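Colleague: Protein chains in written order, with the authors' numbering: chain K, 2 to 79; chain P, 2 to 79; chain J, 2 to 78; chain D, 6 to 49, 76 to 340; chain L, 1 to 187. Input: one structure, supplied below.
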Amino acid sequence: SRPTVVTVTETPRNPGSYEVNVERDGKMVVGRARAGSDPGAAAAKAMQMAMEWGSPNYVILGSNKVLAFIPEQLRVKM
Amino acid sequence: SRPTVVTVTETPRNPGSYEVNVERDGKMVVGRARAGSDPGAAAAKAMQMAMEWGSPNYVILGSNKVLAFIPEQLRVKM
Amino acid sequence: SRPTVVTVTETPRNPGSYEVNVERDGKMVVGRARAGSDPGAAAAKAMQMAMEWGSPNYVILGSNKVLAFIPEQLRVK
Amino acid sequence: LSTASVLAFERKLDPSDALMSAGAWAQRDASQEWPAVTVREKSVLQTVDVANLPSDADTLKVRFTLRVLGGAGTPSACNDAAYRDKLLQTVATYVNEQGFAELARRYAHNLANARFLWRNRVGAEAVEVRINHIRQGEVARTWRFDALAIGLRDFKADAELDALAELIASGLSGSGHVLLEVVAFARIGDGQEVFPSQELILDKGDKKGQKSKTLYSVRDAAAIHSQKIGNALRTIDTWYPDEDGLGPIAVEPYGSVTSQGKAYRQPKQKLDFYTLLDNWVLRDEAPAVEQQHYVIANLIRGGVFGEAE
Amino acid sequence: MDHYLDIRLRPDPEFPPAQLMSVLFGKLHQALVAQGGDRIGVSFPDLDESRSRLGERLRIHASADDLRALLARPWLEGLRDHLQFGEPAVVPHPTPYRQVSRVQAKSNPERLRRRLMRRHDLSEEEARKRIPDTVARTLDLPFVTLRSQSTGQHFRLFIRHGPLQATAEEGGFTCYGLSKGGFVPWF
Numbered sequence: 002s003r004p005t006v007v008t009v010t011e012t013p014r015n016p017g018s019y020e021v022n023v024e025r026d027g028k029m030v031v032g033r034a035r036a037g038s039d040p041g042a043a044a045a046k047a048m049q050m051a052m053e054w055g056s057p058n059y060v061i062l063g064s065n066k067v068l069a070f071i072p073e074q075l076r077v078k079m
Numbered sequence: 002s003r004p005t006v007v008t009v010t011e012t013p014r015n016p017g018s019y020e021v022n023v024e025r026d027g028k029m030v031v032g033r034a035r036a037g038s039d040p041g042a043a044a045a046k047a048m049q050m051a052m053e054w055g056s057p058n059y060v061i062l063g064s065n066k067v068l069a070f071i072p073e074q075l076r077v078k079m
Numbered sequence: 002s003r004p005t006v007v008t009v010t011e012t013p014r015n016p017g018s019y020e021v022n023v024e025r026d027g028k029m030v031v032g033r034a035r036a037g038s039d040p041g042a043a044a045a046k047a048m049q050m051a052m053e054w055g056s057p058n059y060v061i062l063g064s065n066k067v068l069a070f071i072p073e074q075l076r077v078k
Numbered sequence: 006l007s008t009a010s011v012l013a014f015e016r017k018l019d020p021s022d023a024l025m026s027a028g029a030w031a032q033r034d035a036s037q038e039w040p041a042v043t044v045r046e047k048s049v076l077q078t079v080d081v082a083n084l085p086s087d088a089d090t091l092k093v094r095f096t097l098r099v100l101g102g103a104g105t106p107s108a109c110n111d112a113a114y115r116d117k118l119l120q121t122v123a124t125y126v127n128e129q130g131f132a133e134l135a136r137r138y139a140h141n142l143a144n145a146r147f148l149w150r151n152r153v154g155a156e157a158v159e160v161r162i163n164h165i166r167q168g169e170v171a172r173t174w175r176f177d178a179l180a181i182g183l184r185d186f187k188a189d190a191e192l193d194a195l196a197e198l199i200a201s202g203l204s205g206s207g208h209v210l211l212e213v214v215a216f217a218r219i220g221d222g223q224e225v226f227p228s229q230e231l232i233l234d235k236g237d238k239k240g241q242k243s244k245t246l247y248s249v250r251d252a253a254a255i256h257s258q259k260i261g262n263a264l265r266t267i268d269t270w271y272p273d274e275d276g277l278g279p280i281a282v283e284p285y286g287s288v289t290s291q292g293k294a295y296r297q298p299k300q301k302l303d304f305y306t307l308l309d310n311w312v313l314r315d316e317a318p319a320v321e322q323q324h325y326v327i328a329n330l331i332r333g334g335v336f337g338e339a340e
Numbered sequence: 001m002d003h004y005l006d007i008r009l010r011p012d013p014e015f016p017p018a019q020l021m022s023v024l025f026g027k028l029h030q031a032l033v034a035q036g037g038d039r040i041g042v043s044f045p046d047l048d049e050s051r052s053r054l055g056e057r058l059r060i061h062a063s064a065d066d067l068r069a070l071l072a073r074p075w076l077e078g079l080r081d082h083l084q085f086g087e088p089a090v091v092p093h094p095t096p097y098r099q100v101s102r103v104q105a106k107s108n109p110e111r112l113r114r115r116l117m118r119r120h121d122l123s124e125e126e127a128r129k130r131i132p133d134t135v136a137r138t139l140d141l142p143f144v145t146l147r148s149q150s151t152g153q154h155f156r157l158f159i160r161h162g163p164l165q166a167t168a169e170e171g172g173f174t175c176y177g178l179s180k181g182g183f184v185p186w187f
């Protein structure tokens with residue numbers, strides 16, 4: 002598991018609020034940090050956590066409402 | 002039966018929604034938790050459950066629309 | 002990652018204040034610089050950081066309270 | 006018989022975030038609309080956050096509030112009633128021997144000399160502390176202290192210091208409701224550098240171009256963390272195994288100055304919080320009159336004290 | 001001189017010792033410029049020139065009683081808790097030729113490029129090609145933080161204890177600059 006993995010998941014305890022998890026190399030560096038209250042803030046937080054914490058590769062995972070704000074299959078992988 | 006097993010399955014009672022199960026060391030840690038209504042949220046929830054639970058090794062199972070978001074066999078197994 | 006990326010995130014240690022990150026061509030040029038205490042100043046600083054630090058292909062990310070002060074054609078180059 | 010698997014104590018001496026403002030001296034009796042100082046960025076190829084007084088202001092003013100809640104021995108959670116009853120009997124025995132008067136006097140001493148001004152007290156010229164007792168939204172009693180005459184090392188005596196210690200003792204006992212407002216004026220200099228609380232961020236990345244040092248702020252106003260104020264006015268502990276000359280340190284289990292790197296009250300010697308507490312509640316051994324002050328101060332601070340079993 | 005005042009900093013857990021040495025030196029410089037005396041020597045015992053750290057002691061030299069009382073007050077203005085200074089006692093006289101003086105180094109080539117461009121050799125890019133490079137950047141060991149007063153920034157100060165050849169005693173100025181620029185009797 003070489004590239005830094007960034008995931009954005011929605012909390013089911015109240016809908017419409019997200020969280021982000023980062024893993025660089027075999028260890029978790031960010032655990033359940035508040036992303037936001039809309040898909041736009043979650044996409045912005047995912048791109049911010051991928052800008053830093055990143056080697057020359059990364060990967061972003063999210064739902065099909067959050068991954069619409071990220072440019073289509075261009076800034077999602079490296 | 003050493004690594005943590007993460008399974009993502011589609012609910013047949015309404016098509017399009019997914020649920021995740023997590024087992025670690027022969028004990029079912031997470032049973033039928035809601036993943037989402039699209040394959041991207043299912044992939045994000047599966048990678049989050051592989052990051053948090055199952056520290057040394059893990060295996061991620063799921064449908065082919067769900068595993069298309071994870072890089073091919075590089076991050077699925079450890 | 003060829004288009005320059007400009008993201009505006011709200012700092013969760015005090016709610017209501019924003020911070021902007023700007024990355025151009027693999028390496029970051031602006032990391033966690035202060036914006037205002039309202040979405041108007043944050044959107045204005047995002048536009049200003051979009052003019053500089055990338056002339057072609059900027060991306061502006063942010064909340065729906067921040068991306069409502071700019072027109073819809075000025076969010077993706 | 007056995008220490009409980011869960012045991013938690015609430016926080017007495019609950020402070021708030023200290024807010025900073027700037028102004029001119031001989032105006033402290035009307036200082037209620039002074040402008041709050043703000044942090045700024047500065048390039049050095077790194078970017079730092081600095082703070083500075085305005086060029087027309089030479090006096091810093093720090094303001095916060097304080098509460099004392101009482102009921103020190105009662106835990107918030109437990110697992111067996113026997114250990115809780117023995118603990119209540121032990122702390123009741125302590126307060127029936129001597130009320131909270133030594134601890135309250137040291138707390139009023141730490142409020143008198145403005146020790147919560149951490150690094151902006153060193154280059155000070157004159158410091159004045161004002162303390163108000165808020166009863167029904169108004170002022171019921173005012174105390175005004177000189178902080179440079181009241182030193183840091185030794186614990187001197189004063190009439191108003193005894194009055195403030197009586198107020199804090201009545202608050203800690205459980206016979207009144209004490210709300211304090213603390214304001215401190217320090218005469219640093221015309222446009223000098225003030226030191227807000229530095230920030231810790233567990234999400235900041237590693238690649239170059241990132242900010243090297245950011246400061247704390249509350250709605251565009253430079254402030255200090257509340258836990259730094261608590262650690263500032265918790266330094267009352269001086270009865271430890273090291274010789275006299277270093278000074279008093281803060282009340283922590285295995286009392287340790289981590290910035291230096293040393294750790295006094297190691298568990299190899301029998302002078303930490305846990306073993307003295309276990310001997311007090313289980314083997315009916317009071318260590319000394321001095322160690323009871325340390326154990327009760329560590330219970331006023333609070334924590335999570337649970338043995339597995 | 002025969003009016004030495006040794007100061008031994010009390011160990012404080014909240015503050016590192018050099019962070020208080022900088023404040024002591026700043027107050028000493030500010031209240032030494034403020035007086036009428038011009039040459040007031042300053043020496044740094046407990047020097048420890050093997051691990052690259054400045055000492056915990058400091059002594060003064062002023063050939064008067066009123067001036068040494070003025071400087072006993074001057075370095076002790078407002079603090080009264082961190083110094084823990086001593087009493088002026090009669091000095092011994094080994095005088096092993098040790099002279100303590102300021103030194104200065106150049107580690108910023110961009111200031112040299114600015115001085116080349118905007119003052120004498122009016123150009124645009126000849127400056128960056130000709131002299132500077134990311135090499136030959138100097139260093140000096142004893143550091144003093146020393147925030148400035150008249151619209152300045154945080155700049156270090158480096159000092160040197162000279163040759164300790166015990167052969168004779170050469171007369172020198174007591175102080176050239178803020179604190180010390182000449183020879184002092186060393187113990």
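The beta-carbon is built from N, C-alpha and C at its ideal position, and this holds for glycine as well.
(1) Going along the chain, which unbroken runs of the beta strand (DSSP E) with 3 or more residues stay wholly within the segment 30-72 of chain P?
(2) For K:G17, which of P:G37, P:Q49, P:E73, P:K28 has the nearest alpha-carbon?
(3) Just verifying my parser: in three-state terms, what is the DSSP assignment at D:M25?
(4) Closer than 8 Å, CB to CB, is J:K66 near chain D or not?
(5) Between the alpha carbons of D:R172 and D:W149, how many angstroms are there, rounded?
(6) Can you give me the start and stop residues for the beta strand (DSSP E) that D:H164 sits inside?
(7) Restricting to Cα atoms, I'd like to know which of K:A51, K:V67, K:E20 is closest to K:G41.
(8) Do D:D268 and D:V282 have their C-beta atoms within less than 8 Å of each other?
(9) Please classify D:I232: does DSSP put it in a helix, a strand, or coil?
(10) Look at the alpha carbon of L:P96 and the alpha carbon of L:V184, and state the distance between them as a whole number of angstroms.
(11) Take L:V144 as the anchor and find which of L:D6, L:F44, L:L5 has the nearest alpha-carbon.
(12) Compute the beta-carbon to beta-carbon distance between J:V23 and J:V7, rounded to the nearest angstrom, for a pair I have assumed lies under 8 Å.
(13) Along the segment 31-42 of chain J, what residues have a CB closer than 8 Å to any CB found in chain K?
(14) For the pair the segment 88-101 of chain D and the segment 236-248 of chain D, tell me if three or more CB-CB distances fall below 8 Å.
(15) Output the distance between the C-alpha atoms of D:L308 and D:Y138, rounded to the nearest integer angstrom.
(16) Would you please verify whether the beta carbon of J:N22 is less than 8 Å from any beta carbon of chain K?
(17) Counting beta carbon pairs with one atom in the segment 16-29 of chain D and one in the segment 319-339 of chain D, are three or more of them shorter than 8 Å?
(18) Is the segment 193-203 of chain D touching the segment 139-146 of chain D in the sense that three or more CB pairs, one from each, lie closer than 8 Å?
(19) Drop a sphere of 10 angstroms on the beta-carbon of P:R3, count the other beta-carbons inside from all chains shown, and report buried for 16 or more, exposed for fewer.
(20) For D:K187, which residues of its own chain have a beta-carbon under 7 Å away from its beta-carbon, when the five flanking residues on both sides are left out?
(21) Compute the Euclidean distance between the alpha carbons of D:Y285 and D:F304, then round it to the nearest angstrom.
(22) In terms of residue numbering, what span does the beta strand (DSSP E) encompassing L:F183 cover?
(23) Against chain D, with Cβ distances strictly below 8 Å, would L:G162 count as a contact?
(24) Measuring only between beta-carbons, confirm whether D:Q297 sits less than 8 Å from chain K.
(25) Do you know how far the Cα of D:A328 is from the Cα of D:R265?
(26) Looking at D:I165 and D:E212, is the spacing between their C-beta atoms short of 8 Å?
(27) Hey, does P:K46 have any beta-carbon neighbour from chain K nearer than 8 Å?
(28) Give the secondary structure of D:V81 by DSSP, where H, G and I count as helix, E and B as strand, and everything else as coil.
(29) The beta strand (DSSP E) that contains D:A328, what's its start and end?
(30) Scan the segment 96-117 of chain D for residues whose Cβ lies nearer than 9 Å to a Cβ of chain L and list them as they occur along the chain.
(31) From the DSSP output, which residues share a beta bridge with P:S2?
(32) Is the CB-CB distance between L:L83 and L:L9 below 8 Å?
(33) Please classify D:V320: is it buried, with 16 or more other beta-carbons within 10 angstroms of its beta-carbon, or exposed?
(34) Are the CB atoms of L:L67 and L:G41 nearer to each other than 8 Å?
(35) Roughly how many whole angstroms lie between the Cα atoms of L:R80 and D:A9?
(36) In the DSSP assignment, find the beta strand (DSSP E) that holds D:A215 and state where it starts and stops.
Modeller: The structure says:
(1) You should have 59-62.
(2) P:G37
(3) Note: D:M25 maps to strand in three-state DSSP.
(4) no
(5) 27 Å
(6) In this chain, the beta strand (DSSP E) harbouring D:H164 covers 158-165.
(7) It is K:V67.
(8) yes
(9) coil
(10) 9 Å
(11) L:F44
(12) For J:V23 against J:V7, the beta-carbon gap comes to about 5 Å, under 8 Å, which counts as contact.
(13) Shown in chain order are the members of the segment 31-42 of chain J whose Cβ falls below 8 Å from a Cβ of chain K: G32.
(14) no
(15) 22 Å
(16) Yes, J:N22 lies at the interface with chain K (some Cβ there is under 8 Å from its Cβ).
(17) yes
(18) yes
(19) exposed
(20) Excluding sequence positions up to five before and after D:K187, its CB lies within less than 7 Å of the CB of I181, all in the same chain and listed in chain order.
(21) Those two C-alpha atoms are separated by around 7 Å.
(22) No beta strand (DSSP E) contains L:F183, which DSSP labels as neither H nor E.
(23) no
(24) no
(25) One C-alpha to the other measures close to 9 Å.
(26) yes
(27) yes
(28) Correct three-state label for D:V81: strand.
(29) Counting along the chain, D:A328 falls outside any beta strand (DSSP E), though it belongs to the alpha helix (DSSP H) covering 320-332.
(30) When CB distances to chain L are screened at a threshold of 9 Å, not a single residue of the segment 96-117 of chain D falls below it.
(31) Answer is none; P:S2 lacks a bridge partner.
(32) In this structure, L:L9 lies closer than 8 Å to L:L83 by Cβ.
(33) Taking every protein chain shown into account, the CB of D:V320 has fewer than 16 other CB atoms within 10 angstroms, so this residue is exposed.
(34) no
(35) 48 Å
(36) 209-217
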